[PDB]
Structures are given as C-alpha cells and as structure tokens.
Amino acid sequence: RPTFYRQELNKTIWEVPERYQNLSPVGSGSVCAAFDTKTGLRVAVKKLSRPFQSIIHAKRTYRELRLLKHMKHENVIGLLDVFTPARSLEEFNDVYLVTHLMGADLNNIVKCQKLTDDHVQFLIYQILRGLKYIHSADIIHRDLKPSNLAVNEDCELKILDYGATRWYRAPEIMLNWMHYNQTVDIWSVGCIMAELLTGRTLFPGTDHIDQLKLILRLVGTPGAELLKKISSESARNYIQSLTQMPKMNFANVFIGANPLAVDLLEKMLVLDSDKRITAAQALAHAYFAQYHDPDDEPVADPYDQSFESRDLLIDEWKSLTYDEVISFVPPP
Ligand SMILES: Cn1nc(C(C)(C)C)cc1NC(=O)Nc1ccc(Cl)cc1
Ligand SMILES: CCCCCCCCO[C@@H]1O[C@H](CO)[C@@H](O)[C@H](O)[C@H]1O
C-alpha cells in the first residue's frame, strides 16, 4: 500500500497516493487534474460521490468500475489506476479513478475554432471507431455529447462519460420507448457532426417538448412504416396529434457541406432507429475514405454484464466493487 495524503479542494476531502501531485479541480463525482510522479504525465482523477449510499448508487459504482476496467481502445477512456484510502473492506467508502488527461473536451474546442471538413472527418471517424468497440461489448453510451469527448492537441479523441444534455439525445429516449437499440448513439453522432459542420447546435431545445418539436421539423413526423411499429395506441395517436411535419431535404439544410457528409447525416438522423446506420457501417462510408482501415477498427473482448439482472444488498455490491479494485492490473 502507498502512502496517502489528505487535502481539501472546494470543501471536498481528497486522499490520494503521493504518486499524484498538484491536484487542481476541473469538475463538479468531482474531477481534478494532477501530475503523475511515476510517469511524468498529466492525469485526471475522479472521486466517486457517495458511491454506496443506496442499492442503486452501489450497483452504479460497480457498473462504472467494471466498465472502465474492460475498456481497452484508443478512442475510449482507459483506466490508468483505481484506488481507495481504505485498508479493509470494512473501512471501504471512497473510490478514485485515474485516466490520462487529454487537454480539452470537444465543446471547449468548437466554442471558437471553425473546423474544416478534414477535422470533421477525423473527429467523427474516431467517435465512430470507439463506438464500434463500445457497441461490440453490447454497451450503449446513452449520453454522447461534445462534453463527453476528450480531445488532445493532435485532435485525437476519446469517448468517456463524466456523468443541455437533451440536445444530443435520441427522440425514442425522450419518449421512454424502452428497448433502445445501440443506434441511439448514432443519433447523437449525427447531432455532433451537424454541429461540427455548421458551428451551431442542431437541435438547441429550450426544454423537453421544444427539443422534440425542433427534431420533427428537420426529420419530419413519423412515416407510415414507423407508425406501423408502435405497439401502444396511446403513443400512436399522441404522435398523430402533433403537427404533421414534412421531412426536410438535408442538402438544403447543410448548404455548403461536403455532399458525402450530408449523405452520412441523412443515414444517421433517421427517426426509425431500425433504419439508422450502425457504427461499423458508418466507418465504411465514403466520407471517411482517408481514415478508414478495416484492419485497425478493433472490437471488444466479451463483456460479462449478467450483474445487470441482479438485485443484491449494498454490502454485496460494495464487496464486489472492492474485489475489482484489488484485482486491478494497470496498463503497460
Ligand atoms: C459510465 N461510463 N461509460 C463509459 C463509456 C460508455 C464511454 C465506455 C465511460 C464511463 N465512465 C467514465 O468515463 N468515467 C470517468 C472516469 C474518470 C474520469 Cl476523469 C472521467 C470519466
Ligand atoms: C416522435 C416519435 C419518434 C420515435 C420513434 C422511435 C423509432 C425507433 O424504432 C423502434 O426503436 C426501438 C429502440 O429500442 C427498437 O427496439 C424498436 O424495435 C423499433 O421499432
């Protein structure tokens, strides 16, 4: 066990190994930047907020650790370290997660820089590349947005989840469809890409209902073949109540964009989640011809998610989380 030192950052208490120094708050779980004395690189340390307060927090904590420990991809957050100041399972109450500090997030990059088409190609390719991997483990991000994308000075990108958000969310979520295919993340990609192309939020809704109305104005109210799939009659005529919108021609919306980008946007921003391009299909799209390599777009090892169906006690979840901390092997 390393020696742990205590500190206070925004009234919050931080006990970390001496390995990490110059802790400076970045986010509020709360996130600090730090200097890793072992490797000489800048890291980000997230302290989990009250990780075992309820059964639901506790399962979420286990979920987070298990997830991060599995992610081993260039375009997805990777775990460098996980620690607790506790020496036993009995004292165990805090969890800290360590990852490589990429200098900025995608929102704080697009806030001034007008990106070129080549930027869009490369940034979107990377998002789709990490998503191909995430999807292959049967994981859905569910909250993809520019603030959940870390970018370095080479415009290399990693997908993570730091934990309006609605601006990038699939319409079938905001209407609790329940199901969700993995192309909910593809909808979010379309929203991001559109914004990288125009420099403007695509659907900047003021609230939940404005969000949906802005969406329908672009993509149109549901076609016959979509309505054909709606099990619930309540839902079916709630939809058939809303103003009947024609689908917009995207070429007439993204006026000066690369016609291949417009074509890809059309395949991503389809209302019917069954008709949406997948991550793997999108990688093979001609828009990314300069970046696509079918032998360097890897998929994930099998990910055992059976815990998700389990209903356990706080101490059980807590205990399983502790085992995962102890058994952690850092990357090379
Ligand atoms: C919950 N979750 N889901 C994912 C995906 C889906 C991208 C693999 C990633 C994560 N979790 C995180 O990305 N967590 C995290 C940990 C430390 C820092 Cl400094 C920032 C973020
Ligand atoms: C305004 C109404 C637009 C929302 C239409 C939802 C289109 C998605 O379509 C549905 O999505 C589910 C996602 O889990 C799939 O599992 C269903 O089988 C599919 O039919």
# chains A, B, ... in the order shown; residues from 1 in each chain; ligands from 1
call {"tool": "residues_around", "arguments": {"residues": "residue A:7", "least_positions_apart": "3", "cutoff": "9 Å", "atoms": "only C-alpha atoms", "output": "mmCIF file with N, CA, C and O atoms, in the first residue's frame"}}
result
data_model
loop_
_atom_site.group_PDB
_atom_site.id
_atom_site.type_symbol
_atom_site.label_atom_id
_atom_site.label_comp_id
_atom_site.auth_asym_id
_atom_site.auth_seq_id
_atom_site.Cartn_x
_atom_site.Cartn_y
_atom_site.Cartn_z
ATOM 1 N N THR A 12 -14.344 19.745 -0.440
ATOM 2 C CA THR A 12 -14.334 18.296 -0.620
ATOM 3 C C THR A 12 -12.999 17.723 -0.148
ATOM 4 O O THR A 12 -11.942 18.342 -0.308
ATOM 5 N N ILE A 13 -13.068 16.534 0.439
ATOM 6 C CA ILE A 13 -11.899 15.869 1.002
ATOM 7 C C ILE A 13 -11.318 14.850 0.001
ATOM 8 O O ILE A 13 -12.045 14.002 -0.535
ATOM 9 N N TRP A 14 -10.010 14.965 -0.249
ATOM 10 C CA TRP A 14 -9.293 14.138 -1.224
ATOM 11 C C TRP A 14 -8.068 13.464 -0.602
ATOM 12 O O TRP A 14 -7.073 14.127 -0.292
ATOM 13 N N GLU A 15 -8.140 12.147 -0.419
ATOM 14 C CA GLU A 15 -6.963 11.372 -0.033
ATOM 15 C C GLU A 15 -6.508 10.430 -1.138
ATOM 16 O O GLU A 15 -7.189 9.463 -1.486
ATOM 17 N N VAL A 16 -5.347 10.750 -1.690
ATOM 18 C CA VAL A 16 -4.805 10.062 -2.847
ATOM 19 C C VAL A 16 -3.366 9.625 -2.537
ATOM 20 O O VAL A 16 -2.743 10.176 -1.626
ATOM 21 N N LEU A 23 -2.799 18.603 -7.467
ATOM 22 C CA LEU A 23 -4.220 18.380 -7.714
ATOM 23 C C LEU A 23 -4.959 19.700 -7.882
ATOM 24 O O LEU A 23 -4.936 20.543 -6.989
#
call {"tool": "closest_atom_pairs", "arguments": {"of": "chain A", "to": "ligand 2", "cutoff": "6 Å", "atoms": "only C-alpha atoms and all ligand atoms", "output": "tab-separated table"}}
result
residue	atom	partner	partner_atom_place_in_ligand_line	distance
A:171	CA	ligand 2	4 (C)	5.3
A:172	CA	ligand 2	4 (C)	4.3
A:178	CA	ligand 2	14 (O)	5.9
A:179	CA	ligand 2	14 (O)	3.5
A:180	CA	ligand 2	14 (O)	2.8
A:181	CA	ligand 2	14 (O)	4.4
A:229	CA	ligand 2	20 (O)	5.3
A:271	CA	ligand 2	7 (C)	5.4
A:272	CA	ligand 2	7 (C)	3.8
A:273	CA	ligand 2	8 (C)	4.0
A:274	CA	ligand 2	9 (O)	5.7
call {"tool": "residues_around", "arguments": {"residues": "stretch 214-217 of chain A", "least_positions_apart": "6", "cutoff": "9 Å", "atoms": "only C-alpha atoms", "output": "VMD selection string"}}
result
chain A and resid 171 202 to 205 244 to 248 271
call {"tool": "write_last_selection", "arguments": {"atoms": "N, CA, C and O atoms", "output": "CSV table (one decimal), in the first residue's frame"}}
result
chain,number,residue,atom,x,y,z
A,171,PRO,N,-34.7,10.8,-30.0
A,171,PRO,CA,-36.1,11.1,-29.7
A,171,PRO,C,-36.9,9.9,-29.0
A,171,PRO,O,-37.8,10.1,-28.2
A,202,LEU,N,-27.5,21.7,-33.5
A,202,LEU,CA,-28.5,21.3,-34.5
A,202,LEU,C,-30.0,21.4,-33.9
A,202,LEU,O,-30.8,22.1,-34.5
A,203,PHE,N,-30.2,20.9,-32.7
A,203,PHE,CA,-31.5,20.9,-32.0
A,203,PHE,C,-31.3,21.6,-30.6
A,203,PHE,O,-31.4,20.8,-29.6
A,204,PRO,N,-31.2,22.9,-30.6
A,204,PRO,CA,-31.0,23.5,-29.2
A,204,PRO,C,-32.3,23.8,-28.5
A,204,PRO,O,-32.7,25.0,-28.4
A,205,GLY,N,-33.0,22.8,-28.1
A,205,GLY,CA,-34.3,22.9,-27.5
A,205,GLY,C,-34.3,23.6,-26.1
A,205,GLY,O,-33.3,23.4,-25.4
A,244,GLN,N,-48.2,17.9,-38.2
A,244,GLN,CA,-47.7,17.0,-39.3
A,244,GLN,C,-46.6,17.7,-40.1
A,244,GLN,O,-46.9,18.5,-41.0
A,245,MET,N,-45.3,17.3,-39.8
A,245,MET,CA,-44.2,17.9,-40.4
A,245,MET,C,-43.6,17.1,-41.6
A,245,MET,O,-43.4,15.9,-41.4
A,246,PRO,N,-43.4,17.8,-42.8
A,246,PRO,CA,-42.6,17.1,-43.9
A,246,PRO,C,-41.1,17.0,-43.5
A,246,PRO,O,-40.6,17.9,-42.8
A,247,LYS,N,-40.5,15.9,-43.9
A,247,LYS,CA,-39.1,15.7,-43.8
A,247,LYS,C,-38.3,16.7,-44.6
A,247,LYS,O,-38.6,16.8,-45.8
A,248,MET,N,-37.4,17.4,-44.0
A,248,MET,CA,-36.5,18.3,-44.8
A,248,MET,C,-35.4,17.6,-45.6
A,248,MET,O,-34.9,16.5,-45.2
A,271,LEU,N,-35.5,8.9,-38.0
A,271,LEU,CA,-36.3,8.8,-36.8
A,271,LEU,C,-36.4,7.3,-36.4
A,271,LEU,O,-36.3,7.0,-35.2
call {"tool": "residues_around", "arguments": {"residues": "residue A:251", "least_positions_apart": "6", "cutoff": "9 Å", "atoms": "only C-alpha atoms", "output": "number ranges by chain"}}
result
A: 257, 259, 262-263
call {"tool": "write_last_selection", "arguments": {"atoms": "N, CA, C and O atoms", "output": "PDB file, in the first residue's frame"}}
result
ATOM      1  N   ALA A 257     -21.823  22.057 -47.013  1.00  0.00           N
ATOM      2  CA  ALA A 257     -21.074  20.885 -46.548  1.00  0.00           C
ATOM      3  C   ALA A 257     -20.739  19.907 -47.690  1.00  0.00           C
ATOM      4  O   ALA A 257     -21.409  19.876 -48.721  1.00  0.00           O
ATOM      5  N   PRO A 259     -20.930  16.859 -49.844  1.00  0.00           N
ATOM      6  CA  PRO A 259     -22.115  16.045 -50.141  1.00  0.00           C
ATOM      7  C   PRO A 259     -22.092  14.639 -49.526  1.00  0.00           C
ATOM      8  O   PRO A 259     -23.165  14.070 -49.261  1.00  0.00           O
ATOM      9  N   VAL A 262     -23.297  15.216 -45.908  1.00  0.00           N
ATOM     10  CA  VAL A 262     -24.758  15.309 -45.937  1.00  0.00           C
ATOM     11  C   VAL A 262     -25.416  13.934 -46.073  1.00  0.00           C
ATOM     12  O   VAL A 262     -26.376  13.609 -45.360  1.00  0.00           O
ATOM     13  N   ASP A 263     -24.884  13.123 -46.979  1.00  0.00           N
ATOM     14  CA  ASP A 263     -25.368  11.765 -47.140  1.00  0.00           C
ATOM     15  C   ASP A 263     -25.235  10.945 -45.835  1.00  0.00           C
ATOM     16  O   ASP A 263     -26.183  10.264 -45.432  1.00  0.00           O
TER      17      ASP A 263
END
call {"tool": "atom_distance", "arguments": {"atom1": "atom CA of residue A:43", "atom2": "atom CA of residue A:70"}}
result
19.2 Å
call {"tool": "residues_near_ligand", "arguments": {"ligand": "ligand 1", "cutoff": "8 Å", "atoms": "only C-alpha atoms and all ligand atoms", "output": "PDB file with N, CA, C and O atoms, in the first residue's frame"}}
result
ATOM      1  N   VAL A  31     -13.890  15.986 -10.275  1.00  0.00           N
ATOM      2  CA  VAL A  31     -12.701  15.666 -11.057  1.00  0.00           C
ATOM      3  C   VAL A  31     -11.605  16.711 -10.813  1.00  0.00           C
ATOM      4  O   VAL A  31     -11.873  17.913 -10.828  1.00  0.00           O
ATOM      5  N   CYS A  32     -10.383  16.232 -10.579  1.00  0.00           N
ATOM      6  CA  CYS A  32      -9.177  17.057 -10.518  1.00  0.00           C
ATOM      7  C   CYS A  32      -8.207  16.680 -11.643  1.00  0.00           C
ATOM      8  O   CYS A  32      -8.154  15.521 -12.061  1.00  0.00           O
ATOM      9  N   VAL A  43      -2.648  13.635 -15.427  1.00  0.00           N
ATOM     10  CA  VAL A  43      -3.785  12.738 -15.281  1.00  0.00           C
ATOM     11  C   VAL A  43      -5.034  13.490 -14.843  1.00  0.00           C
ATOM     12  O   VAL A  43      -4.962  14.639 -14.402  1.00  0.00           O
ATOM     13  N   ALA A  44      -6.173  12.817 -14.980  1.00  0.00           N
ATOM     14  CA  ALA A  44      -7.431  13.232 -14.377  1.00  0.00           C
ATOM     15  C   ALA A  44      -7.857  12.197 -13.329  1.00  0.00           C
ATOM     16  O   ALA A  44      -7.883  10.985 -13.592  1.00  0.00           O
ATOM     17  N   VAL A  45      -8.151  12.681 -12.128  1.00  0.00           N
ATOM     18  CA  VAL A  45      -8.645  11.830 -11.050  1.00  0.00           C
ATOM     19  C   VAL A  45     -10.097  12.194 -10.716  1.00  0.00           C
ATOM     20  O   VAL A  45     -10.393  13.338 -10.358  1.00  0.00           O
ATOM     21  N   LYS A  46     -10.995  11.219 -10.851  1.00  0.00           N
ATOM     22  CA  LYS A  46     -12.378  11.397 -10.425  1.00  0.00           C
ATOM     23  C   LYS A  46     -12.612  10.674  -9.107  1.00  0.00           C
ATOM     24  O   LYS A  46     -12.290   9.482  -8.968  1.00  0.00           O
ATOM     25  N   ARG A  63     -20.909  -0.998 -11.621  1.00  0.00           N
ATOM     26  CA  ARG A  63     -21.079  -0.851 -13.064  1.00  0.00           C
ATOM     27  C   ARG A  63     -19.972  -0.010 -13.703  1.00  0.00           C
ATOM     28  O   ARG A  63     -19.414  -0.397 -14.724  1.00  0.00           O
ATOM     29  N   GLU A  64     -19.682   1.137 -13.098  1.00  0.00           N
ATOM     30  CA  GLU A  64     -18.672   2.080 -13.593  1.00  0.00           C
ATOM     31  C   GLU A  64     -17.280   1.433 -13.593  1.00  0.00           C
ATOM     32  O   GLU A  64     -16.584   1.438 -14.610  1.00  0.00           O
ATOM     33  N   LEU A  67     -17.023  -1.506 -16.109  1.00  0.00           N
ATOM     34  CA  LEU A  67     -16.959  -0.884 -17.440  1.00  0.00           C
ATOM     35  C   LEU A  67     -15.570  -0.389 -17.797  1.00  0.00           C
ATOM     36  O   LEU A  67     -14.980  -0.844 -18.766  1.00  0.00           O
ATOM     37  N   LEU A  68     -15.058   0.538 -16.991  1.00  0.00           N
ATOM     38  CA  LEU A  68     -13.753   1.162 -17.209  1.00  0.00           C
ATOM     39  C   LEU A  68     -12.603   0.158 -17.251  1.00  0.00           C
ATOM     40  O   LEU A  68     -11.648   0.315 -18.027  1.00  0.00           O
ATOM     41  N   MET A  71     -12.672  -1.408 -20.844  1.00  0.00           N
ATOM     42  CA  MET A  71     -12.382  -0.531 -21.990  1.00  0.00           C
ATOM     43  C   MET A  71     -10.896  -0.453 -22.315  1.00  0.00           C
ATOM     44  O   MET A  71     -10.103   0.028 -21.527  1.00  0.00           O
ATOM     45  N   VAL A  76     -11.472   5.342 -26.610  1.00  0.00           N
ATOM     46  CA  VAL A  76     -12.345   5.213 -25.424  1.00  0.00           C
ATOM     47  C   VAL A  76     -11.471   5.383 -24.210  1.00  0.00           C
ATOM     48  O   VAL A  76     -10.333   4.873 -24.190  1.00  0.00           O
ATOM     49  N   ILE A  77     -11.984   6.096 -23.208  1.00  0.00           N
ATOM     50  CA  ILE A  77     -11.313   6.241 -21.931  1.00  0.00           C
ATOM     51  C   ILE A  77     -10.768   4.894 -21.435  1.00  0.00           C
ATOM     52  O   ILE A  77     -11.452   3.873 -21.511  1.00  0.00           O
ATOM     53  N   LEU A  79      -8.678   2.972 -18.085  1.00  0.00           N
ATOM     54  CA  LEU A  79      -8.293   3.103 -16.664  1.00  0.00           C
ATOM     55  C   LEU A  79      -6.774   3.003 -16.453  1.00  0.00           C
ATOM     56  O   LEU A  79      -6.175   1.990 -16.777  1.00  0.00           O
ATOM     57  N   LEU A  97     -10.788   7.078  -9.527  1.00  0.00           N
ATOM     58  CA  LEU A  97     -10.485   6.511 -10.837  1.00  0.00           C
ATOM     59  C   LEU A  97      -9.522   7.424 -11.553  1.00  0.00           C
ATOM     60  O   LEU A  97      -9.755   8.636 -11.632  1.00  0.00           O
ATOM     61  N   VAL A  98      -8.459   6.846 -12.102  1.00  0.00           N
ATOM     62  CA  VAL A  98      -7.428   7.648 -12.769  1.00  0.00           C
ATOM     63  C   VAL A  98      -7.331   7.374 -14.285  1.00  0.00           C
ATOM     64  O   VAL A  98      -7.308   6.221 -14.730  1.00  0.00           O
ATOM     65  N   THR A  99      -7.284   8.438 -15.073  1.00  0.00           N
ATOM     66  CA  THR A  99      -7.101   8.302 -16.516  1.00  0.00           C
ATOM     67  C   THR A  99      -6.162   9.378 -17.063  1.00  0.00           C
ATOM     68  O   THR A  99      -5.888  10.377 -16.380  1.00  0.00           O
ATOM     69  N   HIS A 100      -5.699   9.177 -18.298  1.00  0.00           N
ATOM     70  CA  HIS A 100      -4.812  10.130 -18.996  1.00  0.00           C
ATOM     71  C   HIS A 100      -5.555  11.412 -19.310  1.00  0.00           C
ATOM     72  O   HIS A 100      -6.664  11.376 -19.849  1.00  0.00           O
ATOM     73  N   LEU A 101      -4.931  12.541 -18.972  1.00  0.00           N
ATOM     74  CA  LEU A 101      -5.506  13.853 -19.238  1.00  0.00           C
ATOM     75  C   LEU A 101      -5.323  14.252 -20.702  1.00  0.00           C
ATOM     76  O   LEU A 101      -4.218  14.562 -21.151  1.00  0.00           O
ATOM     77  N   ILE A 134     -17.196   0.015 -28.337  1.00  0.00           N
ATOM     78  CA  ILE A 134     -18.188   0.032 -27.255  1.00  0.00           C
ATOM     79  C   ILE A 134     -19.401  -0.815 -27.610  1.00  0.00           C
ATOM     80  O   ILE A 134     -19.798  -1.665 -26.827  1.00  0.00           O
ATOM     81  N   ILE A 139     -22.603  -2.526 -25.107  1.00  0.00           N
ATOM     82  CA  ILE A 139     -22.758  -1.334 -24.267  1.00  0.00           C
ATOM     83  C   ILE A 139     -23.393  -0.200 -25.088  1.00  0.00           C
ATOM     84  O   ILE A 139     -23.051   0.021 -26.241  1.00  0.00           O
ATOM     85  N   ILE A 140     -24.330   0.518 -24.496  1.00  0.00           N
ATOM     86  CA  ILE A 140     -24.833   1.722 -25.130  1.00  0.00           C
ATOM     87  C   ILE A 140     -24.395   2.916 -24.289  1.00  0.00           C
ATOM     88  O   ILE A 140     -24.542   2.883 -23.067  1.00  0.00           O
ATOM     89  N   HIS A 141     -23.822   3.945 -24.932  1.00  0.00           N
ATOM     90  CA  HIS A 141     -23.379   5.131 -24.179  1.00  0.00           C
ATOM     91  C   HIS A 141     -24.574   5.834 -23.521  1.00  0.00           C
ATOM     92  O   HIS A 141     -24.577   6.081 -22.309  1.00  0.00           O
ATOM     93  N   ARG A 142     -25.584   6.109 -24.343  1.00  0.00           N
ATOM     94  CA  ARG A 142     -26.823   6.789 -23.940  1.00  0.00           C
ATOM     95  C   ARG A 142     -26.696   8.302 -23.697  1.00  0.00           C
ATOM     96  O   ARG A 142     -27.699   9.001 -23.753  1.00  0.00           O
ATOM     97  N   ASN A 148     -18.622  15.007 -23.401  1.00  0.00           N
ATOM     98  CA  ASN A 148     -18.199  13.651 -23.096  1.00  0.00           C
ATOM     99  C   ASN A 148     -17.148  13.124 -24.096  1.00  0.00           C
ATOM    100  O   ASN A 148     -16.895  11.915 -24.142  1.00  0.00           O
ATOM    101  N   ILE A 159     -13.772   8.755 -26.110  1.00  0.00           N
ATOM    102  CA  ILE A 159     -15.157   8.800 -25.625  1.00  0.00           C
ATOM    103  C   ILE A 159     -15.114   8.433 -24.144  1.00  0.00           C
ATOM    104  O   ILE A 159     -14.389   7.525 -23.736  1.00  0.00           O
ATOM    105  N   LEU A 160     -15.841   9.177 -23.335  1.00  0.00           N
ATOM    106  CA  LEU A 160     -15.962   8.849 -21.923  1.00  0.00           C
ATOM    107  C   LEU A 160     -17.354   9.249 -21.486  1.00  0.00           C
ATOM    108  O   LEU A 160     -18.174   9.566 -22.334  1.00  0.00           O
ATOM    109  N   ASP A 161     -17.617   9.218 -20.178  1.00  0.00           N
ATOM    110  CA  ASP A 161     -18.842   9.767 -19.604  1.00  0.00           C
ATOM    111  C   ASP A 161     -18.506  10.386 -18.248  1.00  0.00           C
ATOM    112  O   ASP A 161     -18.306   9.669 -17.260  1.00  0.00           O
ATOM    113  N   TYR A 162     -18.399  11.712 -18.202  1.00  0.00           N
ATOM    114  CA  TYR A 162     -18.092  12.390 -16.921  1.00  0.00           C
ATOM    115  C   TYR A 162     -19.247  12.254 -15.920  1.00  0.00           C
ATOM    116  O   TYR A 162     -19.072  12.486 -14.718  1.00  0.00           O
ATOM    117  N   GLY A 163     -20.415  11.877 -16.418  1.00  0.00           N
ATOM    118  CA  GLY A 163     -21.580  11.668 -15.577  1.00  0.00           C
ATOM    119  C   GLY A 163     -22.513  12.868 -15.620  1.00  0.00           C
ATOM    120  O   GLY A 163     -23.660  12.776 -15.182  1.00  0.00           O
TER     121      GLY A 163
END
call {"tool": "residues_around", "arguments": {"residues": "residue A:124", "least_positions_apart": "3", "cutoff": "12 Å", "atoms": "only C-alpha atoms", "output": "ChimeraX atom specification"}}
result
/A:75,106,115,117-121,127-131,145-146,149,151,155-159,186,188-197,261,264-265,279,282-283,285,287-288,291-292
call {"tool": "write_last_selection", "arguments": {"atoms": "N, CA and C atoms", "output": "short mmCIF file (atom, residue, chain, number, x, y, z; two decimals), in the first residue's frame"}}
result
data_model
loop_
_atom_site.label_atom_id
_atom_site.label_comp_id
_atom_site.auth_asym_id
_atom_site.auth_seq_id
_atom_site.Cartn_x
_atom_site.Cartn_y
_atom_site.Cartn_z
N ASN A 75 -9.78 5.15 -28.73
CA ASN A 75 -10.79 6.21 -28.78
C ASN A 75 -11.80 6.12 -27.63
N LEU A 106 -14.56 18.33 -26.43
CA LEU A 106 -14.96 18.81 -27.76
C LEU A 106 -15.81 20.10 -27.72
N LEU A 115 -14.05 24.47 -37.58
CA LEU A 115 -13.41 23.26 -38.10
C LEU A 115 -13.57 23.15 -39.60
N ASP A 117 -13.53 20.53 -43.09
CA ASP A 117 -14.11 19.22 -43.41
C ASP A 117 -13.19 18.06 -42.98
N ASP A 118 -11.88 18.24 -43.15
CA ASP A 118 -10.92 17.25 -42.72
C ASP A 118 -10.95 17.03 -41.20
N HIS A 119 -11.13 18.10 -40.43
CA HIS A 119 -11.31 17.99 -39.00
C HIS A 119 -12.54 17.13 -38.72
N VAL A 120 -13.66 17.47 -39.36
CA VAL A 120 -14.93 16.74 -39.13
C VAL A 120 -14.75 15.26 -39.44
N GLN A 121 -14.12 14.96 -40.58
CA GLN A 121 -13.88 13.57 -40.98
C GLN A 121 -13.17 12.80 -39.88
N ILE A 127 -14.91 9.01 -33.22
CA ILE A 127 -16.09 8.76 -32.40
C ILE A 127 -16.73 7.44 -32.83
N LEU A 128 -16.90 7.28 -34.14
CA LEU A 128 -17.47 6.04 -34.68
C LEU A 128 -16.58 4.83 -34.44
N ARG A 129 -15.27 5.04 -34.43
CA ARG A 129 -14.31 3.94 -34.19
C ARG A 129 -14.38 3.43 -32.75
N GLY A 130 -14.36 4.35 -31.79
CA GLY A 130 -14.58 4.00 -30.38
C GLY A 130 -15.96 3.39 -30.15
N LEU A 131 -16.98 3.92 -30.82
CA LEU A 131 -18.37 3.40 -30.72
C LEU A 131 -18.52 1.98 -31.29
N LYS A 145 -22.20 13.34 -26.21
CA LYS A 145 -22.29 14.78 -26.43
C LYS A 145 -20.88 15.32 -26.43
N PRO A 146 -20.67 16.51 -27.04
CA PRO A 146 -19.32 17.10 -27.07
C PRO A 146 -18.58 17.18 -25.74
N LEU A 149 -16.53 14.04 -24.86
CA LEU A 149 -15.43 13.72 -25.78
C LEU A 149 -14.13 14.48 -25.45
N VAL A 151 -10.36 15.68 -26.22
CA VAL A 151 -9.53 15.87 -27.40
C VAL A 151 -8.12 16.39 -27.03
N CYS A 155 -5.78 16.67 -32.13
CA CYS A 155 -7.24 16.46 -32.37
C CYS A 155 -7.61 14.91 -32.34
N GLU A 156 -6.79 14.13 -31.62
CA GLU A 156 -7.11 12.74 -31.24
C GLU A 156 -8.16 12.70 -30.11
N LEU A 157 -9.09 11.75 -30.18
CA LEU A 157 -10.31 11.83 -29.38
C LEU A 157 -10.55 10.57 -28.58
N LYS A 158 -11.07 10.73 -27.36
CA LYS A 158 -11.53 9.61 -26.54
C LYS A 158 -12.98 9.82 -26.06
N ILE A 159 -13.77 8.76 -26.11
CA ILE A 159 -15.16 8.80 -25.63
C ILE A 159 -15.11 8.43 -24.14
N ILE A 186 -25.81 6.63 -32.41
CA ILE A 186 -25.63 7.10 -33.77
C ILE A 186 -26.41 8.41 -34.01
N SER A 188 -26.97 10.70 -31.71
CA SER A 188 -26.09 11.66 -31.04
C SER A 188 -24.89 12.04 -31.92
N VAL A 189 -24.32 11.06 -32.61
CA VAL A 189 -23.22 11.33 -33.57
C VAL A 189 -23.65 12.29 -34.69
N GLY A 190 -24.79 12.02 -35.32
CA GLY A 190 -25.40 12.94 -36.29
C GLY A 190 -25.53 14.36 -35.77
N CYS A 191 -26.03 14.52 -34.53
CA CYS A 191 -26.14 15.85 -33.91
C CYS A 191 -24.79 16.53 -33.71
N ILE A 192 -23.80 15.75 -33.29
CA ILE A 192 -22.46 16.28 -33.09
C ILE A 192 -21.84 16.74 -34.43
N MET A 193 -21.87 15.85 -35.42
CA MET A 193 -21.33 16.08 -36.75
C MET A 193 -21.96 17.32 -37.42
N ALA A 194 -23.28 17.41 -37.37
CA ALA A 194 -24.00 18.58 -37.88
C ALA A 194 -23.42 19.85 -37.27
N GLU A 195 -23.23 19.83 -35.95
CA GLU A 195 -22.69 20.97 -35.21
C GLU A 195 -21.22 21.29 -35.55
N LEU A 196 -20.43 20.25 -35.81
CA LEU A 196 -19.06 20.43 -36.26
C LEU A 196 -18.98 21.03 -37.66
N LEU A 197 -19.97 20.73 -38.48
CA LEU A 197 -20.06 21.25 -39.85
C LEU A 197 -20.54 22.70 -39.93
N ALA A 261 -20.73 14.14 -46.49
CA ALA A 261 -21.12 14.43 -45.11
C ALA A 261 -22.65 14.51 -44.99
N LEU A 264 -24.08 11.02 -45.17
CA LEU A 264 -23.93 10.35 -43.90
C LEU A 264 -24.92 10.89 -42.84
N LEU A 265 -25.07 12.20 -42.76
CA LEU A 265 -26.05 12.78 -41.84
C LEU A 265 -27.45 12.23 -42.06
N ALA A 279 -22.46 1.86 -36.33
CA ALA A 279 -21.10 2.33 -36.22
C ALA A 279 -20.19 1.66 -37.26
N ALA A 282 -21.09 2.86 -40.83
CA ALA A 282 -20.65 4.25 -40.98
C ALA A 282 -19.14 4.41 -41.21
N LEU A 283 -18.34 3.57 -40.54
CA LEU A 283 -16.88 3.51 -40.78
C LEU A 283 -16.48 3.20 -42.22
N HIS A 285 -18.27 4.16 -44.71
CA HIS A 285 -18.88 5.20 -45.56
C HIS A 285 -17.82 6.03 -46.29
N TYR A 287 -17.39 9.03 -46.89
CA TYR A 287 -16.93 10.22 -46.17
C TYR A 287 -15.60 9.99 -45.46
N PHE A 288 -15.35 8.78 -44.94
CA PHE A 288 -14.10 8.52 -44.18
C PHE A 288 -13.00 7.75 -44.96
N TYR A 291 -9.49 7.86 -43.84
CA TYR A 291 -9.18 7.43 -42.47
C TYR A 291 -9.50 5.96 -42.19
N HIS A 292 -10.50 5.44 -42.87
CA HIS A 292 -10.94 4.05 -42.73
C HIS A 292 -9.79 3.04 -42.96
#
call {"tool": "select_by_dssp", "arguments": {"residues": "stretch 107-318 of chain A", "states": "alpha helix (DSSP H)", "output": "PyMOL selection string"}}
result
chain A and resi 107-110+117-136+184-198+208-219+224-227+233-239+259-268+279-283+314-318
call {"tool": "residues_around", "arguments": {"residues": "residue A:55", "least_positions_apart": "2", "cutoff": "8 Å", "atoms": "only C-alpha atoms", "output": "count of residues only"}}
result
9
call {"tool": "residues_around", "arguments": {"residues": "residue A:21", "least_positions_apart": "6", "cutoff": "10 Å", "atoms": "only C-alpha atoms", "output": "list in words"}}
result
residues 5, 33, 34, 35, 36, 37, 42 and 43 of chain A
call {"tool": "atom_distance", "arguments": {"atom1": "atom CA of residue A:48", "atom2": "atom CA of residue A:61"}}
result
7.9 Å
call {"tool": "atom_distance", "arguments": {"atom1": "atom CA of residue A:219", "atom2": "atom CA of residue A:255"}}
result
16.2 Å
call {"tool": "select_by_dssp", "arguments": {"residues": "stretch 31-259 of chain A", "states": "strand (DSSP E)", "output": "VMD selection string"}}
result
chain A and resid 31 to 36 42 to 47 81 to 83 96 to 100 104 to 105 149 to 151 157 to 159
